[PDB]
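A short write-up of the structure that comes next.
Cβ placement follows ideal geometry from the backbone for every residue including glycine, while neighbour counts extend to all protein chains displayed. Any read-out appearing in this document is the output of simple, stated calculations on the displayed coordinates, not a laboratory observation.
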Amino acid sequence: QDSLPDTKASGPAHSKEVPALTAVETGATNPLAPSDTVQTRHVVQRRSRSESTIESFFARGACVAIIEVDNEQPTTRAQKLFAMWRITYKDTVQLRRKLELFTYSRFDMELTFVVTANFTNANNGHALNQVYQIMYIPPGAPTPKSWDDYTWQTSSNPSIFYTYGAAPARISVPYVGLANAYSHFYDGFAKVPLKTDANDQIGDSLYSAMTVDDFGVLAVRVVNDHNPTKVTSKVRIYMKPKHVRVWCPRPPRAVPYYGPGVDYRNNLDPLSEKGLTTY
Amino acid sequence: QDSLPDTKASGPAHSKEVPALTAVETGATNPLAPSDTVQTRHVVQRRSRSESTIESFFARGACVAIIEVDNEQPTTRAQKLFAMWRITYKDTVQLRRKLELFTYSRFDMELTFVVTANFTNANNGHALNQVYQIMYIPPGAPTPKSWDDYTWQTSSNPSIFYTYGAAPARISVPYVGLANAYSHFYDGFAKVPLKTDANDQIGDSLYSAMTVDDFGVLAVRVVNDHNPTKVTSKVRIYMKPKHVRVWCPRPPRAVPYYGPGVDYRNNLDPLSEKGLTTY
Amino acid sequence: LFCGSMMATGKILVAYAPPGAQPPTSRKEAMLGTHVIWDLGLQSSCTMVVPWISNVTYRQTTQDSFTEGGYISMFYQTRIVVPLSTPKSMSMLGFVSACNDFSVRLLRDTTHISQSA
Amino acid sequence: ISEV
Amino acid sequence: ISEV
Amino acid sequence: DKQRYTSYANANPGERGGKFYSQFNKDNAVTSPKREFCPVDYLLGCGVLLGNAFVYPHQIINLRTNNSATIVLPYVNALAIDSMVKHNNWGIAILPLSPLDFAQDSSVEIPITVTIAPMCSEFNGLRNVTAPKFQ
Amino acid sequence: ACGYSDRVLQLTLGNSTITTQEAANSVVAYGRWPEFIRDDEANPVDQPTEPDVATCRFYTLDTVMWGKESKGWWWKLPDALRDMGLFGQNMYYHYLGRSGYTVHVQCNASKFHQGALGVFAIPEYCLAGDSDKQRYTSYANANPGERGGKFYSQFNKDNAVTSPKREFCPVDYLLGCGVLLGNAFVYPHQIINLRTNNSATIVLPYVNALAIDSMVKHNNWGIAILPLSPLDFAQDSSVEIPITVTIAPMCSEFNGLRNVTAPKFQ
Amino acid sequence: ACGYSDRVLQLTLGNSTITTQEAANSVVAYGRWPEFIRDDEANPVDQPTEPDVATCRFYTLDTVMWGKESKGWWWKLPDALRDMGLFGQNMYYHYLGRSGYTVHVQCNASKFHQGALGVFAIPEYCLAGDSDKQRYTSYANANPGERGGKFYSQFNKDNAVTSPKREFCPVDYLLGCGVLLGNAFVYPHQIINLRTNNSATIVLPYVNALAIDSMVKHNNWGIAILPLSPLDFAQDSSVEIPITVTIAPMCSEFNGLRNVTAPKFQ
Amino acid sequence: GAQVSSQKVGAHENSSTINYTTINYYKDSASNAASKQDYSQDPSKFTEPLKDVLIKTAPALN
Amino acid sequence: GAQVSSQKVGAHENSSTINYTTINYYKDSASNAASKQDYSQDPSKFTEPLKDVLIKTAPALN
Ligand SMILES: CCOC(=O)c1ccc(OCCCC2CCN(c3ccc(C)nn3)CC2)cc1
Ligand SMILES: CCOC(=O)c1ccc(OCCCC2CCN(c3ccc(C)nn3)CC2)cc1
Ligand SMILES: *C(=O)CCCCCCCCCCCCC
Ligand SMILES: *C(=O)CCCCCCCCCCCCC
């Protein structure tokens, strides 16, 4: 059973015990129930907090990234024959705000990949079904320079080979943090400037940033050789934190996000106008 | 449990036992722990070597081959209506180097086949879905001369019939070596030149090479009769060594590979410049 | 490993500084960190253990200030002293290996090998 | 089985 | 079954 | 405009501390950027609303009720130990929830004094001293 | 008790005895002593020849000179011993042969001499070659016999396409095979550091993917000796001291008897 | 058993380790190991500071050179360590401090070098001065810090009455204090005789008339190093070899905390 | 290795305790689905972080 | 013929020992997946191949 406490029958009172009076200066929230200040009946309470457990609150697949990749003739100017994405929950706002109700977290992660494609131009013949390679490149590993260079050999890096039209691809990732918990906030720096330094660039870091690559990138390409006609594809990544634990609650983000840090720029006015004595 | 040894609390020392001094000439690595040369606290060590077990190190599908095959009208000049590949881990560098950290090995092998295709020309109508035949031809068996000659009858040779668009094909192969272990290195020859020989070509062999065909070939063809319009297809083979055992460790390859043997040709300079007293 | 002649003597200081301060430019600064004063003699070789001292549970294999490991330095504690008719200059060889508490994770491809088109 |  |  | 750009020397006021502002004034001089924090009071200097800051460990000094506040703090971090020079664990924010007022004197001023004690302090990784450039 | 030491050893095999007053202990490769093929690992069904004391004994090869310019020396086994007494005869009269080895490298000098030799025992020591041509080193060149081969400070490609030398070109810092010398220490080894020791003693098991094999077609072990630290003495810029290699076959057995193999070595 | 010796030692305190292959055993001054103030001998009632590994470790002072003309060197404790890391900070932030010490003096040379250093640990090493003026040596001069002081073959009286130097004038054969050097052997000591040993190791207890005292006002021990026999080598009439002094505080404890002492050393 | 638990039955058919069966197919615990049977806790560390926690019928300040 | 083993649980849900089940569907052992439960060994054959292995607090050369 996970039902909430039953309301107790409470009668009139004329006493020296005063639950209604308190002192918020202490730092505590007054633990009152309706029976402390009004006459209450007995209610056998059946309601439950099942849907607000941490797991339940985060148990949903959220869109964290749209990676666009093209399949077309390799010309000699900047193309999209392959694409790379730094893994983060921060390119999107919705999940970012939910996770940020907490300072620290621990969880395994489920990544689900929805892949859509279409024809760019009116017509140059058609395309046979495409297979997509999604390669994870951990910090340190050789990054691709070309859509078909040796890095895609993926001999130790994990790769997914997705076939277009198949059920959306899915993998699970362990708790991979360098610390005992993921820090959603870091009041610090990766480097300290020292008096004995040559330039002062040497000790300069981004405020609140930890490692440079942090979790690595996902490299995406269409394994198919190009058709005459061009096909544009988009990979939508949905992430779900599972087997979650969170520490130290924080106030929700009240004004729009301005990049990876806590910075604000505009629309610093979240609250509507309402008259003090107007219901 | 597979966790590493806990660090022991170690205090000051004034003694005749000197762990810090040794003699590498003996051939041995000095077995020291931090507590042998500094004061240490007690640490209950939870870390583990689970991801560096031989199985874990090789437990990944690596790209060992790209076999290109065409489906088009049988003209009368050199075409690609079928293709053959000598089975080896050596046409690629990434897995080759990992396996070559060891002199001898034993394992079962998992082959996974990713098959992509596309249209060559702007347009001659379209193509109905293709079925690919991948026939293994063991050393000795009749090799195909034509894309549809009797050899493809495959009455005893193993063949895979892959349908385009289906989940990537997969098979497992046993430990098939003539010896009790696969030799990644063979300091020898398949023939000895003798004084009583007629020409000296008779006793000539390639250095480090064992059998001529060694493991045989994979023959690939598109079973479909040709459309008016041409379709080019590529079969990407991913191999994974499973249930692995390895013997005699070797230094990692430090300079670029020059074919199947240990030969080197250029970029014999792997090491960067760095000043002796520069951090 | 000291690969000098047996008649050659000397005392050397080898050290390790955990990250966060100025990298040691003098024996004086180096002395303050983890160190071994090696005395040359019949036992040819000396081992300094770099104890696992870190903030994070696991460091990165890539270069990164957030997960940095510190500095190793070597200095003369006294000096190399030889007699006459003895070579006054010689080589020192160095070796590295991991203590039994060492572990690694998240398998990746190495930057140390590649192949052209 | 483990019936909980 | 063989529970290990 | 520059995100995550506040310099170390500015992020770290030492004993002196920093201050809050009633509104956001963007450091305009692109040529020689001040690289400072601009903490707006009703946004708790970090983009959230002050009224919800009460979910953090806190007390209120209401002058009719009390002289002082006493908060005992554990070490809180994602790690058992860390670089104290690179990273601050706790922040102490003091804000006037209700403004100071006295009789009719429109220019009242009273002192606030902060006293702090380290507890169960332990250190690892000894070597030469860190000398941060604070200029 | 009494006065026994790591430094003082006596090795006796057959009618041969070695004494050393300055050793640095001794290595048993991979922790394995040489042993004979056990019935449950046997493959040729014919009763083996076990020559024992006549072949399992100390054969001393021709001495080499270590000088300031010496880049390194290498040998292959069984090849270095192919002409050594009755071992050689047994090797060539039988299709198959297996044998372990005790390797003893000797180099003395003086309290005032300086330098350090790295002595390595490598399983399957495949070496690199001459040319653009891959896997082209000829049998006669891959097999120097007792003479051994040498190392080079750099790769000189055999240029004469018309009449190719078909030799190995083993570059010292690449261990003659494309890897770095510093990592050669993962192989069974010892170091002769002149201030510390006269010699190296490495006991080798038979290592191969098979219980037994053709000794004429395939070498099992390679002995590579390199100057980790160069030879030096007082001020004499042209110092030279001898290095002598002595090897004993151990637990030697042979299968497949017939007429003798006569390899063309020209 | 195994192979342990008087000559080969390892000393480890905090994150510092010293190895020595040529020692002449080691001395524990007056047979007493360093220990902490016991409750039944305690005097300041306040809970002490015991910095342990951060202060009780090996601080190496600046090296001095021993040459044919060297008359001797001297140091005072705690003064020599006043600027050594966290020990120095603890010393100056507290009115009171007590500490024992491991003293390790280092001087290597060669089988063909010659000479002998007398290393003495003296309780209350009061030194003599400059002048006609008695007990006039200034604080800044009595306290050289890490640098140490030197000895002289004879007494030169500081003559300039108008602006007195206020320094010590320590004559070597009088142990710088009016007694004869030959009797200094009644003090805890060792001898570094170059044919016999590289170093000296003396462990010192806290010695004083009180359980604890002002480290800034009073030095407990003096380390005096003198050439009992002069340095000599082959025929080179200008030989010079280094002497390096390394010291570790032991069982250090402090009382009476307040703001830091900043002594005027100019 | 089958795992069996009781469902919390919300709307009931006109037909008691109902069960569901779970089996983990993968060695890595990360691969597992969510149990969703989770334990709740005291708000106290947040709602009453006091050194001397006082009882609601008594004066908060005494 | 079901095979049951314990997972090494890394991150834990707010919900003990967790299991997984394995069944081999093929006669050839080659067809089998990897157990990944593997035994570790001594570096000794590599790090200390000595005839007379000596103890670290004693002189390497005696
Ligand atoms: C501040 C940034 O966001 C986070 O804190 C954050 C974000 C994501 C998160 O997941 C871990 C990120 C690394 C994972 C993500 C994706 N991974 C893989 C692995 C293989 C494949 C084919 N595809 N993806 C494996 C590693 C953990 C933390
Ligand atoms: C030096 C070369 O590489 C190797 O040492 C090496 C490389 C691969 C390896 O696998 C064994 C090779 C033969 C196998 C490979 C493929 N096989 C099959 C069998 C049937 C089908 C349809 N497809 N493939 C069956 C036989 C074993 C050793
Ligand atoms: C415990 O699980 C033993 C009972 C197993 C009942 C049959 C399970 C069928 C599914 C097995 C999946 C195997 C996955 C490799
Ligand atoms: C041991 O395995 C007996 C229990 C079997 C439980 C049901 C297994 C269901 C899957 C059977 C696969 C058969 C493959 C031919």
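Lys and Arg at +1, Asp and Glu at -1: add these up for the other residues within a Cβ distance under 14 Å of A:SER56 and post the number. Walk me through the numbers on the way to the answer.
Working: positive: A:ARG49, A:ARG60, A:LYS98, A:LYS240, A:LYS242, A:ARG245, I:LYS8, I:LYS36; negative: A:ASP2, A:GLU51, A:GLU55, I:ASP38, J:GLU13.
Local charge sum for A:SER56: +3.
Taking the alpha-carbon distance from H:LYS150 and a cut-off under 26 Å, which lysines remain once sequence neighbours fewer than 8 residues away in the same chain are dropped?
By straight Cα distance, H:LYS150 reaches C:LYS11, C:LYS28, H:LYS68, H:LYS71, H:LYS76, H:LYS133, H:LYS165, H:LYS217, H:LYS264.
Looking at G:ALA24, A:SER272, H:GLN190, which one has the Cα that reaches farthest to the positive end of the dipole of the protein assembly as shown (charges on Cβ: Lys, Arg +1; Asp, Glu -1)?
A:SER272
Quick check: the distance between the Cα centres of segment B:107-147 and segment F:1-31, to the nearest angstrom?
Cα centroid to Cα centroid, the span is 64 Å.
Please order B:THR277, C:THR34 by the number of other Cβ within 10 Å, starting at the fewest. Before the final figure, lay out each step's value.
Numbers: B:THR277 8, C:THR34 28.
Fewest-to-most ranking of B:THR277, C:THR34: B:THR277, C:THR34.
Would you tally the net charge around B:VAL220, using a Cβ to Cβ cut-off of less than 11 Å, leaving B:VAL220 out, and scoring K and R as +1, D and E as -1? It would help to have the intermediate numbers written out before the result.
Details: positive: B:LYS80, B:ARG221, B:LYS234; negative: B:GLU68, B:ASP70.
Here the charged neighbours net out to +1.
Once amide H atoms are placed 1.01 Å from N in the peptide plane, what residues at a sequence separation of 5 or more from B:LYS242, or on another chain, have their amide H within under 5 Å of its amide H?
Placed amide hydrogens put B:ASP108, B:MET109, B:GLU110 under 5 Å from B:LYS242.
Based on the Cβ-Cβ distance from A:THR40 to D:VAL4, what FRET efficiency comes out when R0 is 41 Å, to the nearest 0.05? Provide the component values of the computation, followed by the final result.
On the way: r = 37 Å, r/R0 = 0.90.
So, using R0 = 41 Å, E works out to roughly 0.65.
Along the Cα→Cβ direction, 7 angstrom out, place labels at I:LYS51 and C:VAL96. What is the inter-label distance in nm?
Computed distance between label sites I:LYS51 and C:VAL96 equals 5.1 nm.
Per residue of segment G:41-56, what does 6.51 cos²θ - 1.76 cosθ + 1.60 with θ = phi - 60° give for ³J(HN,Hα)? Whole Hz please, x for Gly and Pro, Karplus curve as stated.
Once rounded to whole Hz, the list reads 10, 5, 10, x, 6, 7, 3, x, 8, 10, x, 6, 3, 5, 10, 7.
Sequence-distant or interchain residues sharing an amide H contact under 5 Å with A:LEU128, placed H: which?
Result for A:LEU128 returns B:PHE119.
With the Cα gyration tensor of the protein assembly as shown in hand, convert its eigenvalues to equivalent ellipsoid semi-axes via √(5λ) and list them largest first in whole Å. Before the final figure, lay out the partial values.
Numbers: eigenvalues 734, 670, 161 Å².
After scaling each eigenvalue by five and taking roots: 61, 58, 28 Å.
Using r as the Cβ-Cβ distance of I:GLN41 and F:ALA69, and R0 as 25 Å, what FRET efficiency do you calculate, to the nearest 0.05?
Here the calculated transfer efficiency is 0.40.
For chain G, modelled as a Gaussian network with Cα springs under 10 Å, which listed residue fluctuates most, G:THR102, G:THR49, G:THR201?
G:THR49
Taking 8 Å as the Cα distance limit and 6 or more residues as the minimum spacing, I'd like the relative contact order of chain F as a percentage.
On the way: 68 pairs, mean separation 20.6, N = 135.
Answer for chain F is 15 percent.
Which is farthest toward the positive dipole end of chain G among G:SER153, G:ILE223, G:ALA109, measuring Cα position about the Cα centre, with Cβ charges +1 (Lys, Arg) and -1 (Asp, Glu)?
Final value for the positive-end residue is G:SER153.
Report, by chain and number, residues whose modeled amide H sits under 5 Å from the one on F:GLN59, excluding near sequence neighbours (fewer than 5 apart, same chain).
Sorted by chain and number, the residues that satisfy this come to none at all.
What percent does the relative contact order of chain H come to when contacts are Cα pairs within less than 8 Å and at least six residues apart? Write down the numbers at each step before the final one.
Working: 601 pairs, mean separation 104.5, N = 266.
Over chain H, the number comes to 39 percent.
Does anything in segment A:30-50 have its amide N under 20 Å from the 7 Å Cα→Cβ label point of A:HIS14, and if so which residues?
Answer for segment A:30-50: A:36-40.
Under a Cβ-only charge scheme (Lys and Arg +1, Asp and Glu -1), can you give me the dipole magnitude of chain C about the Cα centre, in debye to the nearest 20?
Dipole about the Cα centre, nearest 20: 300 debye.
Mind jotting down the distance between the C-alpha centroids of segment A:28-51 and segment H:58-79, whole Å?
Comparing the Cα centres of segment H:58-79 and segment A:28-51, I get a distance of 80 Å.
Can you find, among B:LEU128, B:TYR186, B:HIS14, the residue farthest towards the positive end of the dipole of chain B? Put +1 on the C-beta of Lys and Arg, -1 on that of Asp and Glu.
Positive-end residue among those listed: B:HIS14.
Enter the per residue convex hull volume of chain A, computed from alpha-carbon coordinates, in Å³ rounded to the nearest integer.
Working: hull volume 81.9 nm³, N = 279.
Taking the convex hull of the Cα positions in chain A, it is 294 Å³ per residue.
Summing -39500 (n - 2.57) over the DSSP H runs of n ≥ 4 in chain C and dividing by its residue number, what mean residue ellipticity at 222 nm do you reach, to the nearest 500 deg cm²/dmol? Don't skip to the end; give the middle numbers.
Working: 1 runs with 5 residues, N = 117.
Rounded to the nearest 500, it is -1000 deg cm²/dmol.
Between B:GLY261, B:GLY165, B:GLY11, which gets the highest mean-square fluctuation from a Gaussian network model of chain B, Cα cutoff 10 Å?
Looking only at B:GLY261, B:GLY165, B:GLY11, the biggest GNM fluctuation is shown by B:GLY11.
On a full-extension model of 0.36 nm per residue, what is the gain between H:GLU50 and H:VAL161, subtracting their alpha-carbon distance, rounded to one decimal in nm?
Numbers: separation 111, 0.36 × 111 = 39.96 nm, distance 4.65 nm.
Stretched fully, the H:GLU50-H:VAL161 segment lengthens by 35.3 nm.
How far is it, in nm, from the label point at A:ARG77 to the one at G:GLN21 when both lie 7 Å from their Cα along the line to the Cβ?
8.4
Quick check: residue separation of H:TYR173 and H:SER5 times 0.36 nm, minus the Cα distance between them. What number comes out in nm? Could you put the intermediate results ahead of the total?
Working: separation 168, 0.36 × 168 = 60.48 nm, distance 3.49 nm.
So the extension gain works out to 57.0 nm.
Are there trypsin sites (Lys or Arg not before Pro) in segment A:12-91 that DSSP marks as loop and that have at most 13 other Cβ atoms within 10 Å, and which are they? Present the calculation step by step, with values, prior to reporting the outcome.
Numbers: sites: A:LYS16, A:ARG41, A:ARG46, A:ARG47, A:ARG49, A:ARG60, A:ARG77, A:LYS80, A:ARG86, A:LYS90; in loops: A:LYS16, A:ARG41, A:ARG46, A:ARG47, A:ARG49, A:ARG60, A:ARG77, A:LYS80, A:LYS90.
Answer by residue number: A:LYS16, A:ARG41, A:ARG46, A:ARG47, A:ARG49, A:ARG60, A:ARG77.
What is the calculated FRET efficiency for G:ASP236 to F:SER98, with r their C-beta to C-beta distance and R₀ = 60 Å, to the nearest 0.05?
Details: r = 93 Å, r/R0 = 1.55.
After rounding, the FRET efficiency stands at 0.05.
Taking the Cβ of F:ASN88 as the center, what net charge do the other residues with Cβ under 14 Å away carry, scoring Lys and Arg +1 and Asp and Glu -1?
Values: positive: F:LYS86; negative: A:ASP187, F:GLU15, F:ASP82.
After counting each charged neighbour, the total is -2.
Can you classify chain G as rounded, prolate or oblate using the Cα gyration tensor, where a ≥ b ≥ c are the square roots of its eigenvalues, rounded means a/c under 1.5, and otherwise it's prolate if a/b beats b/c and oblate if not? Don't skip to the end; give the middle numbers.
Details: a/c = 1.93, a/b = 1.12, b/c = 1.73.
It is oblate, given that a/c is not under 1.5 and a/b is not larger than b/c.
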